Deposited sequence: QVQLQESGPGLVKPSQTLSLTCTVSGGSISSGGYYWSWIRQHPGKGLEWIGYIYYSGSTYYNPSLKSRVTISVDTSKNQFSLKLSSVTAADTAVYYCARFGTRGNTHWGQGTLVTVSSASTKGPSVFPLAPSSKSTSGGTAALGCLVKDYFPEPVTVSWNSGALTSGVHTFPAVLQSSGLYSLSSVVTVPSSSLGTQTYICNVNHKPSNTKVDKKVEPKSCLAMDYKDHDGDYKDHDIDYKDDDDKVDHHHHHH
C-alpha cells in the first residue's frame, strides 16, 4: 500500500484545514487496519490526531476531538481540522497502522497557518571558484532567498546528483521570510564540461527555477 497526502501548504487563521489521503494498492474496506492522521511540529516530536476504522468508527486525540473530523469516502479518507491557529502549524502525515505489523506512512505535507502574504523565492548561484575548491573536490550551490512560506524543494540535475548534496534547514530572517542554501561537492575535473543545474520548486507561489550554476 502507498499513502499520499494532499493539501495547501498555507492556511489562514480560523479557517478549516482539509487534507486528503489517497490510498493506492488496496481498498479501505477490510480490517483490521487503523487509517490514521499524525502531525509533527517542525523539528519536534509526534502527536496522534486520530484513527478511523473501515466500519467507520473513529477515535480522536481528546485535545483535538472538538475540532477534528476524520471520514472515509465511498478509496480515500480525509482530515478536517476547524478553527486553525499558528499552534496547528505542522507536518501532517496520513498512515495505515496495521494490528499485525504491516504499517505504512505517507510522505507528509507541511501546513503553515499564517495570515501573511505568499512570496516567491529568489534563486542565486553559488558559483564554484578556487576559494571553493580543495583536493580536487569543488563546492558549488544555490541560494534560495526571501520566500514564504516553507517549504522549498531543491534538486540537482533533475534529481541526478544526490551524493555530497547538502540542503540546509531554512532560517527565518528579520524579513519574516525564509532563506535557504543548497550545496554539492563535485569533482573539480567536471567543472568545464558537465552541466550543473539548480532545480528549485516553490508551490505556494508557483516558482520553478532551473539555475545554471557557473
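Need the unmodelled segments of the deposited chain, numbered from 1, in order. Several regions go unmodelled: 1, 76 to 77, 218 to 254.
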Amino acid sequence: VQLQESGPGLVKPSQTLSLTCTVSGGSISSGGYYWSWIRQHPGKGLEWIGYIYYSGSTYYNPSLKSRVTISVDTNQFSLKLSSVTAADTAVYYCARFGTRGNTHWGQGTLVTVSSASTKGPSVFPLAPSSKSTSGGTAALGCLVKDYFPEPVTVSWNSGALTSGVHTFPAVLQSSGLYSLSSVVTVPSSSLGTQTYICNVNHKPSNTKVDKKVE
From here on, numbers count along this sequence of modelled residues.
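Regarding 84 to 92 and 119 to 127, which shows the higher C-alpha temperature factor on average in the entry? Comparing 84 to 92 with 119 to 127, the higher average CA B-factor belongs to 119 to 127.
Would you tell me which stretch averages the higher CA B-factor in the PDB entry, 17 to 25 or 190 to 198? It is 190 to 198.
Check the PDB entry and point out which of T103, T137, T112, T109 has the largest C-alpha temperature factor. If I rank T103, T137, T112, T109 by C-alpha B-factor, first place goes to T137.
Take the CA temperature factors straight from the PDB entry and tell me which of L161, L64, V183, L180 peaks. That would be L161, according to the entry.
Should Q40 be placed in the lowest, middle or highest third of its chain by the C-alpha B factor in the entry? CA B-factor rank for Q40: lowest third.
What third of its chain, lowest, middle or highest, does the C-alpha temperature factor of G50 fall into? As the PDB entry reports it, the C-alpha B-factor of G50 lands in the lowest third of its chain.
Relative to the other modelled residues of the same chain, rank the CA B-factor of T58 and answer lowest, middle or highest third. As the PDB entry reports it, the C-alpha B-factor of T58 lands in the middle third of its chain.
Going by the recorded CA B-factors, say which third of the chain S132 sits in, lowest, middle or highest. Tercile = middle for this residue's CA B-factor.
By the recorded C-alpha temperature factor, relative to the other modelled residues in its chain, which third is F168 in? Its C-alpha B-factor, which the entry lists for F168, ranks in the lowest third among residues of this chain.
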